[PDB]
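What follows is a short report on a single structure.
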Amino acid sequence: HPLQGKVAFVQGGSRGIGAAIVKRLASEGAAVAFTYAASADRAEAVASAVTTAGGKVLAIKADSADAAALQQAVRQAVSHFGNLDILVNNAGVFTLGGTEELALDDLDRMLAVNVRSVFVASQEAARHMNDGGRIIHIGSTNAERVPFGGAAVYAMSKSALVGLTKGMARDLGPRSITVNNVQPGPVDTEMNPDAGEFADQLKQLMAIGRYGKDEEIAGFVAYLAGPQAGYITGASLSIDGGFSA
Amino acid sequence: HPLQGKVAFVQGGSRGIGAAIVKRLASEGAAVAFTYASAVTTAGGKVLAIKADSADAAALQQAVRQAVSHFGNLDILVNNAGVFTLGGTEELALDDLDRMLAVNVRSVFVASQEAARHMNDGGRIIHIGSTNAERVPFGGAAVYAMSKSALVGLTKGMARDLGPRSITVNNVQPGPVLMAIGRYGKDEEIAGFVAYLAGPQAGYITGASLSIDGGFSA
């Protein structure tokens with residue numbers, strides 16, 4: 001239990017990668033608060049997965065586009081569990097449009113969820129974090145490699161996390177808080193499943209020829225949140241099957 | 001002991017980070033051969049120390065073969081040799097250029113090729129590079145940074161070559177063992193990152209240059 005006694009907040013913990021992260025951190029001993037945007041049934045299941053196994057959990061409904069909701073969710077977690085040790089920013093919207101086509105509303109939505117709300121959750125969490133803490137953003141390998149059209153604004157919103165991570169590491173380093181950007185490739189989830197011709201085309205671009213598994217991303221995030229990772233900070237860390245080689 | 005039954009080779013394993021990597025992989029259950037013909041081991045033990053200078057290719061290829069004779073095909077190779085000589089562009093001696101090219105660049109490839117010829121599918125190759133591949137704030141480090149940035153293209157192309165065997169290839173970039181965190185790193189922190197990459201949770205990480213540098217390169 002390398003995270004015994006620690007308190008984690010996961011923004012976007014109800015499905016796929018975020019569910020695996022919440023379960024992973026609780027299995028290592030942390031108390032976990034998480035936000036979910038859509039399904040109280042789905043969040044109840046993740047919360048039960050944590051507690052059937054003997055872990056402590058708070059689920060919080062919050063729209064990641066709404067900054068006040070995210071600030072409120074961090075304070076409600078702190079009232080529940082005390083000051084945070086770990087923050088994982090896993091909200092995301094993955095949405096396609098060429099440069100000449102994308103709607104202004106879809107731009108403003110990916111900016112709000114994937115960029116703005118990562119900063120807003122990070123600032124409130126840091127206000128209520130212990131020294132020695134961990135902030136982990138979940139970016140994308142599309143910050144580094146964009147092989148196809150239609151991903152310009154998605155890739156912009158993910159490459160924004162590279163400069164945020166460097167700068168936040170410089171701000172929070174004197175408090176021994178690390179800040180890192182995890183850049184996944186394709187991961188088998190129920191809205192991006194390893195099945196179909198698009199998945200087969202992405203695999204051809206990868207060195208490993210298979211999608212990642214939710215649990216593999218959770219295992220990297222738990223390592224970075226743990227007591228052996230206090231020297232890793234400011235970094236953009238690819239876990240993408242070689243997509244960006 | 002998730003490395004129970006697995007076999008690792010560490011090039012440069014006798015002190016500091018290299019020792020810490022040997023001790024962490026053995027503590028997780030691995031057989032470990034490392035370089036630092038002469039060898040020492042313990043009866044009933046699974047750590048074998050082999051004397052080999054990292055500039056000498058034939059001694060490296062033999063050491064790998066020795067390790068495979070004792071333990072079977074490799075699962076893990078860690079390339080941790082390294083030489084660091086300071087010198088400005090105008091002054092650095094060519095002998096010192098050639099020492100850093102042989103140790104930091106050439107022998108990393110020679111060991112990787114021999115290990116790839118005797119490695120199980122699903123294996124792991126981990127190079128130990130440097131944060132100076134990304135950030136070189138002062139003079140005197142040009143050829144050292146040149147030798148460490150070489151690992152970035154080596155890692156990418158080796159990940160493409162060996163991916164079909166499910167072997168991952170990554171480049172760990174340490175800082176000192178300009179900082180964002182206000183302390184140097186510990187040998188055991190580098191070893192913990194190499195052990196994670198070398199283990200069964202890390203099969204999706206390949207081709208990457210992964211900084212563990214206290215925010216030196218931020």
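Residue numbering restarts at 1 for every chain of the structure tokens, chains are lettered A, B, ... in their displayed order, and ligands are numbered from 1 as they appear.
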
Extract, using only C-alpha atoms, all DNA, RNA and protein residues at most 6 Å from segment 172-176 of chain A, discarding same-chain residues fewer than 4 positions from it, and format them as a PyMOL selection string.
-> (chain A and resi 131-132) or (chain B and resi 180-181)

Got a sec to pull out which chain B residues are within 7 Å of chain A, counting only C-alpha atoms, and send them as a PDB file with N, CA, C and O atoms, in the first residue's frame?
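So the final result, stored in out_4.pdb, reads:
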```
ATOM      1  N   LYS B 156      13.869   5.380 -30.775  1.00  0.00           N
ATOM      2  CA  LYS B 156      12.750   5.366 -31.685  1.00  0.00           C
ATOM      3  C   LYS B 156      12.921   4.280 -32.742  1.00  0.00           C
ATOM      4  O   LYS B 156      12.029   3.533 -33.005  1.00  0.00           O
ATOM      5  N   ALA B 159      12.739   0.749 -31.278  1.00  0.00           N
ATOM      6  CA  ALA B 159      11.369   0.373 -30.915  1.00  0.00           C
ATOM      7  C   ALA B 159      10.642  -0.105 -32.133  1.00  0.00           C
ATOM      8  O   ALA B 159       9.846  -1.053 -32.016  1.00  0.00           O
ATOM      9  N   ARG B 160      10.853   0.531 -33.263  1.00  0.00           N
ATOM     10  CA  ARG B 160      10.227   0.059 -34.545  1.00  0.00           C
ATOM     11  C   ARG B 160      10.766  -1.302 -34.916  1.00  0.00           C
ATOM     12  O   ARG B 160       9.927  -2.178 -35.363  1.00  0.00           O
ATOM     13  N   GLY B 163       9.442  -4.000 -32.027  1.00  0.00           N
ATOM     14  CA  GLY B 163       8.051  -4.002 -31.628  1.00  0.00           C
ATOM     15  C   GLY B 163       7.263  -5.240 -32.026  1.00  0.00           C
ATOM     16  O   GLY B 163       6.409  -5.653 -31.351  1.00  0.00           O
ATOM     17  N   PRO B 164       7.584  -5.751 -33.208  1.00  0.00           N
ATOM     18  CA  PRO B 164       6.920  -6.977 -33.618  1.00  0.00           C
ATOM     19  C   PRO B 164       7.183  -8.171 -32.740  1.00  0.00           C
ATOM     20  O   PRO B 164       6.400  -9.087 -32.758  1.00  0.00           O
ATOM     21  N   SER B 166       7.283  -7.692 -29.508  1.00  0.00           N
ATOM     22  CA  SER B 166       6.647  -7.199 -28.273  1.00  0.00           C
ATOM     23  C   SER B 166       7.796  -6.774 -27.342  1.00  0.00           C
ATOM     24  O   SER B 166       7.599  -6.781 -26.145  1.00  0.00           O
ATOM     25  N   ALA B 180      13.679  22.262 -10.590  1.00  0.00           N
ATOM     26  CA  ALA B 180      12.432  22.797 -10.092  1.00  0.00           C
ATOM     27  C   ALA B 180      12.219  22.362  -8.672  1.00  0.00           C
ATOM     28  O   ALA B 180      11.624  23.063  -7.920  1.00  0.00           O
ATOM     29  N   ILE B 181      12.677  21.179  -8.343  1.00  0.00           N
ATOM     30  CA  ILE B 181      12.510  20.701  -6.976  1.00  0.00           C
ATOM     31  C   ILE B 181      13.537  20.904  -5.891  1.00  0.00           C
ATOM     32  O   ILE B 181      13.216  20.552  -4.756  1.00  0.00           O
ATOM     33  N   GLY B 182      14.716  21.400  -6.164  1.00  0.00           N
ATOM     34  CA  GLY B 182      15.601  21.755  -5.037  1.00  0.00           C
ATOM     35  C   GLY B 182      16.328  20.668  -4.271  1.00  0.00           C
ATOM     36  O   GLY B 182      16.674  20.793  -3.105  1.00  0.00           O
ATOM     37  N   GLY B 185      18.682  13.939  -7.377  1.00  0.00           N
ATOM     38  CA  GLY B 185      17.998  12.684  -7.357  1.00  0.00           C
ATOM     39  C   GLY B 185      18.763  11.646  -6.564  1.00  0.00           C
ATOM     40  O   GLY B 185      19.909  11.788  -6.313  1.00  0.00           O
ATOM     41  N   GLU B 189      15.881   6.215  -6.807  1.00  0.00           N
ATOM     42  CA  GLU B 189      14.797   6.772  -7.662  1.00  0.00           C
ATOM     43  C   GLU B 189      15.034   6.423  -9.106  1.00  0.00           C
ATOM     44  O   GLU B 189      13.999   6.042  -9.835  1.00  0.00           O
ATOM     45  N   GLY B 192      14.153   2.774  -9.422  1.00  0.00           N
ATOM     46  CA  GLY B 192      12.733   2.460  -9.374  1.00  0.00           C
ATOM     47  C   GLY B 192      12.043   2.733 -10.675  1.00  0.00           C
ATOM     48  O   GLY B 192      11.133   1.965 -11.059  1.00  0.00           O
ATOM     49  N   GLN B 201       4.016  -4.317 -16.220  1.00  0.00           N
ATOM     50  CA  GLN B 201       2.971  -3.321 -16.419  1.00  0.00           C
ATOM     51  C   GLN B 201       3.335  -2.338 -17.552  1.00  0.00           C
ATOM     52  O   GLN B 201       2.567  -1.543 -17.897  1.00  0.00           O
ATOM     53  N   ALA B 202       4.540  -2.447 -18.079  1.00  0.00           N
ATOM     54  CA  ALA B 202       5.061  -1.416 -18.935  1.00  0.00           C
ATOM     55  C   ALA B 202       5.138  -1.772 -20.369  1.00  0.00           C
ATOM     56  O   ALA B 202       5.860  -1.165 -21.163  1.00  0.00           O
ATOM     57  N   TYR B 204       3.301  -1.251 -22.877  1.00  0.00           N
ATOM     58  CA  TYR B 204       2.759  -0.279 -23.806  1.00  0.00           C
ATOM     59  C   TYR B 204       3.696   0.909 -23.958  1.00  0.00           C
ATOM     60  O   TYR B 204       3.523   1.718 -24.870  1.00  0.00           O
ATOM     61  N   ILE B 205       4.689   1.031 -23.077  1.00  0.00           N
ATOM     62  CA  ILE B 205       5.590   2.154 -23.213  1.00  0.00           C
ATOM     63  C   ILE B 205       6.752   1.709 -24.090  1.00  0.00           C
ATOM     64  O   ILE B 205       7.502   0.821 -23.713  1.00  0.00           O
ATOM     65  N   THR B 206       6.842   2.337 -25.228  1.00  0.00           N
ATOM     66  CA  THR B 206       7.993   2.055 -26.120  1.00  0.00           C
ATOM     67  C   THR B 206       8.325   3.255 -26.984  1.00  0.00           C
ATOM     68  O   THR B 206       7.378   3.998 -27.372  1.00  0.00           O
ATOM     69  N   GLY B 207       9.608   3.354 -27.352  1.00  0.00           N
ATOM     70  CA  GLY B 207      10.046   4.389 -28.211  1.00  0.00           C
ATOM     71  C   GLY B 207      10.303   5.709 -27.439  1.00  0.00           C
ATOM     72  O   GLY B 207      10.576   6.723 -28.127  1.00  0.00           O
ATOM     73  N   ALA B 208      10.080   5.795 -26.161  1.00  0.00           N
ATOM     74  CA  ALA B 208       9.959   7.110 -25.464  1.00  0.00           C
ATOM     75  C   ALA B 208      11.249   7.464 -24.870  1.00  0.00           C
ATOM     76  O   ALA B 208      11.993   6.617 -24.331  1.00  0.00           O
ATOM     77  N   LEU B 210      12.204   9.498 -21.576  1.00  0.00           N
ATOM     78  CA  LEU B 210      11.384   9.743 -20.331  1.00  0.00           C
ATOM     79  C   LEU B 210      12.251  10.399 -19.321  1.00  0.00           C
ATOM     80  O   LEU B 210      13.247   9.785 -18.818  1.00  0.00           O
ATOM     81  N   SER B 211      11.989  11.652 -19.007  1.00  0.00           N
ATOM     82  CA  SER B 211      12.888  12.460 -18.119  1.00  0.00           C
ATOM     83  C   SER B 211      12.559  12.274 -16.691  1.00  0.00           C
ATOM     84  O   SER B 211      11.412  12.353 -16.253  1.00  0.00           O
ATOM     85  N   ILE B 212      13.631  12.030 -15.944  1.00  0.00           N
ATOM     86  CA  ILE B 212      13.606  11.912 -14.484  1.00  0.00           C
ATOM     87  C   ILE B 212      14.718  12.805 -13.897  1.00  0.00           C
ATOM     88  O   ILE B 212      15.844  12.354 -13.657  1.00  0.00           O
ATOM     89  N   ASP B 213      14.379  14.103 -13.837  1.00  0.00           N
ATOM     90  CA  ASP B 213      15.473  15.108 -13.739  1.00  0.00           C
ATOM     91  C   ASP B 213      15.140  16.210 -12.794  1.00  0.00           C
ATOM     92  O   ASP B 213      15.764  17.279 -12.920  1.00  0.00           O
ATOM     93  N   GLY B 214      14.168  16.071 -11.910  1.00  0.00           N
ATOM     94  CA  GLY B 214      13.884  17.123 -10.914  1.00  0.00           C
ATOM     95  C   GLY B 214      13.377  18.433 -11.578  1.00  0.00           C
ATOM     96  O   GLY B 214      13.435  19.495 -10.923  1.00  0.00           O
ATOM     97  N   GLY B 215      12.964  18.362 -12.867  1.00  0.00           N
ATOM     98  CA  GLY B 215      12.575  19.553 -13.582  1.00  0.00           C
ATOM     99  C   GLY B 215      13.696  20.376 -14.168  1.00  0.00           C
ATOM    100  O   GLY B 215      13.467  21.500 -14.638  1.00  0.00           O
ATOM    101  N   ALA B 218      12.707  21.596 -17.542  1.00  0.00           N
ATOM    102  CA  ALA B 218      11.386  22.314 -17.710  1.00  0.00           C
ATOM    103  C   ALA B 218      11.576  23.752 -18.401  1.00  0.00           C
ATOM    104  O   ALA B 218      12.501  24.424 -17.941  1.00  0.00           O
TER     105      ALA B 218
END
```

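The interatomic distance for the pair atom CA of residue 77 of chain A and atom CA of residue 111 of chain A works out to 25.0 Å.
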
Residues within 10 Å of segment 57-59 of chain A, please, as a CSV table (one decimal) with C-alpha atoms, in the first residue's frame. Count only C-alpha atoms; anything in the same chain fewer than 2 positions from it doesn't count.
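The resulting file, out.csv, is shown below:
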```csv
chain,number,residue,atom,x,y,z
A,7,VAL,CA,-5.9,11.5,-0.5
A,8,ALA,CA,-6.4,11.6,-4.3
A,9,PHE,CA,-8.8,13.6,-6.5
A,10,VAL,CA,-9.5,12.3,-10.0
A,13,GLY,CA,-13.0,9.0,-12.8
A,14,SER,CA,-16.2,7.2,-13.9
A,22,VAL,CA,-9.6,5.5,-9.3
A,23,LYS,CA,-9.6,1.7,-8.6
A,26,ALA,CA,-7.6,3.0,-3.9
A,30,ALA,CA,-5.5,6.1,-1.1
A,31,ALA,CA,-8.8,7.6,-0.3
A,32,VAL,CA,-10.2,8.8,-3.6
A,33,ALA,CA,-12.6,11.5,-4.6
A,34,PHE,CA,-13.6,11.6,-8.3
A,35,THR,CA,-15.8,13.6,-10.5
A,36,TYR,CA,-18.2,12.3,-13.1
A,40,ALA,CA,-24.7,8.4,-11.5
A,43,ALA,CA,-20.2,6.4,-10.9
A,44,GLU,CA,-22.0,4.3,-8.3
A,46,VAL,CA,-16.9,2.7,-9.7
A,47,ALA,CA,-17.5,3.8,-6.1
A,48,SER,CA,-18.6,0.2,-5.2
A,49,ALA,CA,-15.6,-1.2,-6.8
A,50,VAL,CA,-13.4,0.8,-4.5
A,51,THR,CA,-15.4,0.0,-1.4
A,54,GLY,CA,-12.2,-2.1,1.4
A,55,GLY,CA,-11.3,1.3,0.0
A,61,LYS,CA,-21.2,15.0,-10.2
A,62,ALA,CA,-19.4,17.9,-11.9
A,73,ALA,CA,-15.9,19.7,-6.3
A,76,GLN,CA,-16.2,19.2,-1.2
A,77,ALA,CA,-13.5,16.6,-1.5
A,80,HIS,CA,-14.6,14.9,3.1
A,81,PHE,CA,-11.2,13.6,3.3
```

Calculate how many Å separate atom CA of residue 107 of chain B from atom CA of residue 60 of chain B, rounding to one decimal.
->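 The value is 7.8 Å.
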
Tell me, as a PyMOL selection string, which residues lie within 12 Å of residue 23 of chain B, counting only C-alpha atoms; anything in the same chain fewer than 5 positions away does not count.
-> chain B and resi 8+10+13-18+28-34+46-48+187-188+191-192+194-195

Once you have the residues from the selection above, write them out as a PDB file, in the first residue's frame, restricted to N, CA and C atoms.
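again_25.pdb written:
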```pdb
ATOM      1  N   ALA B   8      17.981 -10.482 -16.481  1.00  0.00           N
ATOM      2  CA  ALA B   8      18.417  -9.100 -16.848  1.00  0.00           C
ATOM      3  C   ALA B   8      19.891  -9.015 -17.016  1.00  0.00           C
ATOM      4  N   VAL B  10      22.755  -5.847 -17.017  1.00  0.00           N
ATOM      5  CA  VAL B  10      22.956  -4.406 -16.824  1.00  0.00           C
ATOM      6  C   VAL B  10      24.354  -4.076 -17.280  1.00  0.00           C
ATOM      7  N   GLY B  13      27.000  -1.899 -13.840  1.00  0.00           N
ATOM      8  CA  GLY B  13      26.250  -2.198 -12.667  1.00  0.00           C
ATOM      9  C   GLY B  13      26.911  -2.214 -11.278  1.00  0.00           C
ATOM     10  N   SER B  14      28.139  -1.659 -11.229  1.00  0.00           N
ATOM     11  CA  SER B  14      28.932  -1.852  -9.989  1.00  0.00           C
ATOM     12  C   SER B  14      28.816  -0.721  -8.946  1.00  0.00           C
ATOM     13  N   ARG B  15      28.373   0.492  -9.355  1.00  0.00           N
ATOM     14  CA  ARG B  15      28.226   1.518  -8.300  1.00  0.00           C
ATOM     15  C   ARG B  15      27.096   2.466  -8.678  1.00  0.00           C
ATOM     16  N   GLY B  16      26.725   3.306  -7.699  1.00  0.00           N
ATOM     17  CA  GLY B  16      25.733   4.403  -7.959  1.00  0.00           C
ATOM     18  C   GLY B  16      24.463   3.817  -8.584  1.00  0.00           C
ATOM     19  N   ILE B  17      24.047   4.507  -9.642  1.00  0.00           N
ATOM     20  CA  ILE B  17      22.745   4.181 -10.252  1.00  0.00           C
ATOM     21  C   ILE B  17      22.802   2.710 -10.737  1.00  0.00           C
ATOM     22  N   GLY B  18      23.984   2.314 -11.310  1.00  0.00           N
ATOM     23  CA  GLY B  18      24.066   0.930 -11.889  1.00  0.00           C
ATOM     24  C   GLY B  18      23.914  -0.112 -10.804  1.00  0.00           C
ATOM     25  N   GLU B  28      13.492  -7.964  -7.034  1.00  0.00           N
ATOM     26  CA  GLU B  28      12.203  -8.328  -7.621  1.00  0.00           C
ATOM     27  C   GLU B  28      12.155  -9.690  -8.191  1.00  0.00           C
ATOM     28  N   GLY B  29      13.251 -10.407  -8.065  1.00  0.00           N
ATOM     29  CA  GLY B  29      13.321 -11.817  -8.405  1.00  0.00           C
ATOM     30  C   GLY B  29      14.143 -12.163  -9.640  1.00  0.00           C
ATOM     31  N   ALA B  30      14.653 -11.116 -10.346  1.00  0.00           N
ATOM     32  CA  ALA B  30      15.424 -11.390 -11.554  1.00  0.00           C
ATOM     33  C   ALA B  30      16.784 -12.040 -11.327  1.00  0.00           C
ATOM     34  N   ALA B  31      17.226 -12.874 -12.266  1.00  0.00           N
ATOM     35  CA  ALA B  31      18.662 -13.182 -12.395  1.00  0.00           C
ATOM     36  C   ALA B  31      19.291 -11.941 -13.034  1.00  0.00           C
ATOM     37  N   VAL B  32      20.435 -11.501 -12.481  1.00  0.00           N
ATOM     38  CA  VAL B  32      21.070 -10.311 -13.082  1.00  0.00           C
ATOM     39  C   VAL B  32      22.533 -10.578 -13.347  1.00  0.00           C
ATOM     40  N   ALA B  33      22.920 -10.358 -14.578  1.00  0.00           N
ATOM     41  CA  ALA B  33      24.369 -10.293 -14.940  1.00  0.00           C
ATOM     42  C   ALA B  33      24.675  -8.835 -15.147  1.00  0.00           C
ATOM     43  N   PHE B  34      25.795  -8.341 -14.633  1.00  0.00           N
ATOM     44  CA  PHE B  34      26.139  -6.933 -14.987  1.00  0.00           C
ATOM     45  C   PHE B  34      27.610  -6.804 -15.331  1.00  0.00           C
ATOM     46  N   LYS B  46      21.958 -15.526  -7.851  1.00  0.00           N
ATOM     47  CA  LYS B  46      21.548 -15.202  -9.178  1.00  0.00           C
ATOM     48  C   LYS B  46      22.047 -13.839  -9.626  1.00  0.00           C
ATOM     49  N   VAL B  47      23.118 -13.358  -9.027  1.00  0.00           N
ATOM     50  CA  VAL B  47      23.766 -12.132  -9.545  1.00  0.00           C
ATOM     51  C   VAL B  47      25.166 -12.471  -9.977  1.00  0.00           C
ATOM     52  N   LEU B  48      25.526 -12.113 -11.174  1.00  0.00           N
ATOM     53  CA  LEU B  48      26.837 -12.438 -11.736  1.00  0.00           C
ATOM     54  C   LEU B  48      27.496 -11.103 -12.157  1.00  0.00           C
ATOM     55  N   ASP B 187      20.007   7.562  -6.256  1.00  0.00           N
ATOM     56  CA  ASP B 187      20.251   6.393  -7.092  1.00  0.00           C
ATOM     57  C   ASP B 187      19.033   5.471  -7.155  1.00  0.00           C
ATOM     58  N   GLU B 188      18.371   5.279  -6.017  1.00  0.00           N
ATOM     59  CA  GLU B 188      17.218   4.400  -5.948  1.00  0.00           C
ATOM     60  C   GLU B 188      15.980   4.897  -6.647  1.00  0.00           C
ATOM     61  N   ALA B 191      16.658   3.807 -10.149  1.00  0.00           N
ATOM     62  CA  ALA B 191      16.425   2.383 -10.207  1.00  0.00           C
ATOM     63  C   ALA B 191      14.981   2.015 -10.146  1.00  0.00           C
ATOM     64  N   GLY B 192      14.153   2.774  -9.422  1.00  0.00           N
ATOM     65  CA  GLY B 192      12.733   2.460  -9.374  1.00  0.00           C
ATOM     66  C   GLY B 192      12.043   2.733 -10.675  1.00  0.00           C
ATOM     67  N   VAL B 194      13.540   2.554 -13.707  1.00  0.00           N
ATOM     68  CA  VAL B 194      14.016   1.473 -14.642  1.00  0.00           C
ATOM     69  C   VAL B 194      13.241   0.201 -14.243  1.00  0.00           C
ATOM     70  N   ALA B 195      13.106  -0.131 -12.970  1.00  0.00           N
ATOM     71  CA  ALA B 195      12.351  -1.336 -12.616  1.00  0.00           C
ATOM     72  C   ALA B 195      10.886  -1.325 -13.040  1.00  0.00           C
TER      73      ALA B 195
END
```

DSSP-assigned alpha helix (DSSP H) among segment 98-159 of chain B, expressed as JSON, numbers by chain = {"B": [98, 99, 100, 101, 107, 108, 109, 110, 111, 112, 113, 114, 115, 116, 117, 142, 143, 144, 145, 146, 147, 148, 149, 150, 151, 152, 153, 154, 155, 156, 157, 158, 159]}

With N, CA and C atoms retained, export the selected residues as an mmCIF file, in the first residue's frame.
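To be explicit, this is the file written out as selection-v2.cif:
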```
data_model
loop_
_atom_site.group_PDB
_atom_site.id
_atom_site.type_symbol
_atom_site.label_atom_id
_atom_site.label_comp_id
_atom_site.auth_asym_id
_atom_site.auth_seq_id
_atom_site.Cartn_x
_atom_site.Cartn_y
_atom_site.Cartn_z
ATOM 1 N N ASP B 98 36.539 10.440 -28.798
ATOM 2 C CA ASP B 98 36.393 9.071 -29.165
ATOM 3 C C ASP B 98 36.024 8.152 -27.967
ATOM 4 N N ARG B 99 36.463 8.473 -26.755
ATOM 5 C CA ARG B 99 36.030 7.754 -25.564
ATOM 6 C C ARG B 99 34.520 7.878 -25.327
ATOM 7 N N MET B 100 33.981 9.091 -25.446
ATOM 8 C CA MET B 100 32.550 9.309 -25.192
ATOM 9 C C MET B 100 31.789 8.667 -26.330
ATOM 10 N N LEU B 101 32.207 8.698 -27.588
ATOM 11 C CA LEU B 101 31.488 8.072 -28.709
ATOM 12 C C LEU B 101 31.498 6.508 -28.461
ATOM 13 N N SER B 107 28.777 1.416 -27.838
ATOM 14 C CA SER B 107 28.566 0.251 -27.020
ATOM 15 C C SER B 107 27.142 0.077 -26.585
ATOM 16 N N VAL B 108 26.387 1.137 -26.670
ATOM 17 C CA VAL B 108 24.955 1.022 -26.357
ATOM 18 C C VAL B 108 24.347 0.210 -27.511
ATOM 19 N N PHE B 109 24.747 0.506 -28.733
ATOM 20 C CA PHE B 109 24.211 -0.258 -29.845
ATOM 21 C C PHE B 109 24.758 -1.709 -29.852
ATOM 22 N N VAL B 110 26.041 -1.859 -29.624
ATOM 23 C CA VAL B 110 26.616 -3.212 -29.664
ATOM 24 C C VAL B 110 25.933 -4.113 -28.606
ATOM 25 N N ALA B 111 25.759 -3.642 -27.367
ATOM 26 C CA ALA B 111 25.065 -4.459 -26.382
ATOM 27 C C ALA B 111 23.644 -4.705 -26.765
ATOM 28 N N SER B 112 22.921 -3.701 -27.299
ATOM 29 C CA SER B 112 21.530 -3.878 -27.700
ATOM 30 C C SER B 112 21.398 -4.914 -28.807
ATOM 31 N N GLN B 113 22.303 -4.935 -29.762
ATOM 32 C CA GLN B 113 22.247 -5.936 -30.817
ATOM 33 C C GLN B 113 22.518 -7.329 -30.251
ATOM 34 N N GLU B 114 23.533 -7.508 -29.410
ATOM 35 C CA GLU B 114 23.770 -8.809 -28.932
ATOM 36 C C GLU B 114 22.593 -9.255 -28.058
ATOM 37 N N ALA B 115 22.057 -8.385 -27.194
ATOM 38 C CA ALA B 115 20.950 -8.771 -26.372
ATOM 39 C C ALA B 115 19.752 -9.084 -27.215
ATOM 40 N N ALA B 116 19.481 -8.315 -28.282
ATOM 41 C CA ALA B 116 18.289 -8.610 -29.144
ATOM 42 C C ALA B 116 18.407 -9.982 -29.805
ATOM 43 N N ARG B 117 19.650 -10.425 -30.044
ATOM 44 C CA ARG B 117 19.840 -11.773 -30.680
ATOM 45 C C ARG B 117 19.567 -12.872 -29.663
ATOM 46 N N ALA B 142 29.163 19.924 -25.057
ATOM 47 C CA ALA B 142 28.615 19.662 -26.382
ATOM 48 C C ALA B 142 28.757 18.237 -26.766
ATOM 49 N N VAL B 143 29.915 17.643 -26.632
ATOM 50 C CA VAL B 143 30.045 16.257 -27.090
ATOM 51 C C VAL B 143 29.306 15.309 -26.116
ATOM 52 N N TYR B 144 29.317 15.552 -24.815
ATOM 53 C CA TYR B 144 28.526 14.726 -23.908
ATOM 54 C C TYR B 144 27.024 14.807 -24.337
ATOM 55 N N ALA B 145 26.477 16.031 -24.509
ATOM 56 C CA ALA B 145 25.057 16.091 -24.914
ATOM 57 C C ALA B 145 24.806 15.462 -26.256
ATOM 58 N N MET B 146 25.786 15.577 -27.146
ATOM 59 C CA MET B 146 25.708 14.941 -28.455
ATOM 60 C C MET B 146 25.590 13.422 -28.328
ATOM 61 N N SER B 147 26.347 12.844 -27.398
ATOM 62 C CA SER B 147 26.324 11.377 -27.179
ATOM 63 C C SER B 147 25.029 10.950 -26.522
ATOM 64 N N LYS B 148 24.366 11.791 -25.729
ATOM 65 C CA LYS B 148 23.139 11.422 -25.064
ATOM 66 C C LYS B 148 21.919 11.710 -25.918
ATOM 67 N N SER B 149 21.939 12.737 -26.761
ATOM 68 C CA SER B 149 20.836 12.940 -27.654
ATOM 69 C C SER B 149 20.801 11.867 -28.735
ATOM 70 N N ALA B 150 21.952 11.264 -29.015
ATOM 71 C CA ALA B 150 21.945 10.123 -29.961
ATOM 72 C C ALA B 150 20.962 9.016 -29.532
ATOM 73 N N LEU B 151 20.771 8.818 -28.255
ATOM 74 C CA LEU B 151 19.903 7.802 -27.787
ATOM 75 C C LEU B 151 18.454 8.033 -28.127
ATOM 76 N N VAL B 152 18.069 9.276 -28.417
ATOM 77 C CA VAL B 152 16.700 9.528 -28.698
ATOM 78 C C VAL B 152 16.356 8.887 -30.026
ATOM 79 N N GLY B 153 17.105 9.082 -31.127
ATOM 80 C CA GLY B 153 16.820 8.441 -32.401
ATOM 81 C C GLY B 153 17.086 6.926 -32.319
ATOM 82 N N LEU B 154 18.094 6.495 -31.585
ATOM 83 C CA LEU B 154 18.287 5.045 -31.406
ATOM 84 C C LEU B 154 17.089 4.371 -30.806
ATOM 85 N N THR B 155 16.523 5.011 -29.831
ATOM 86 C CA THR B 155 15.311 4.410 -29.126
ATOM 87 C C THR B 155 14.113 4.319 -30.038
ATOM 88 N N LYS B 156 13.869 5.380 -30.775
ATOM 89 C CA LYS B 156 12.750 5.366 -31.685
ATOM 90 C C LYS B 156 12.921 4.280 -32.742
ATOM 91 N N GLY B 157 14.088 4.208 -33.347
ATOM 92 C CA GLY B 157 14.221 3.237 -34.464
ATOM 93 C C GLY B 157 14.300 1.807 -33.943
ATOM 94 N N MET B 158 14.949 1.587 -32.795
ATOM 95 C CA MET B 158 14.995 0.220 -32.188
ATOM 96 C C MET B 158 13.611 -0.137 -31.789
ATOM 97 N N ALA B 159 12.739 0.749 -31.278
ATOM 98 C CA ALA B 159 11.369 0.373 -30.915
ATOM 99 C C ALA B 159 10.642 -0.105 -32.133
#
```
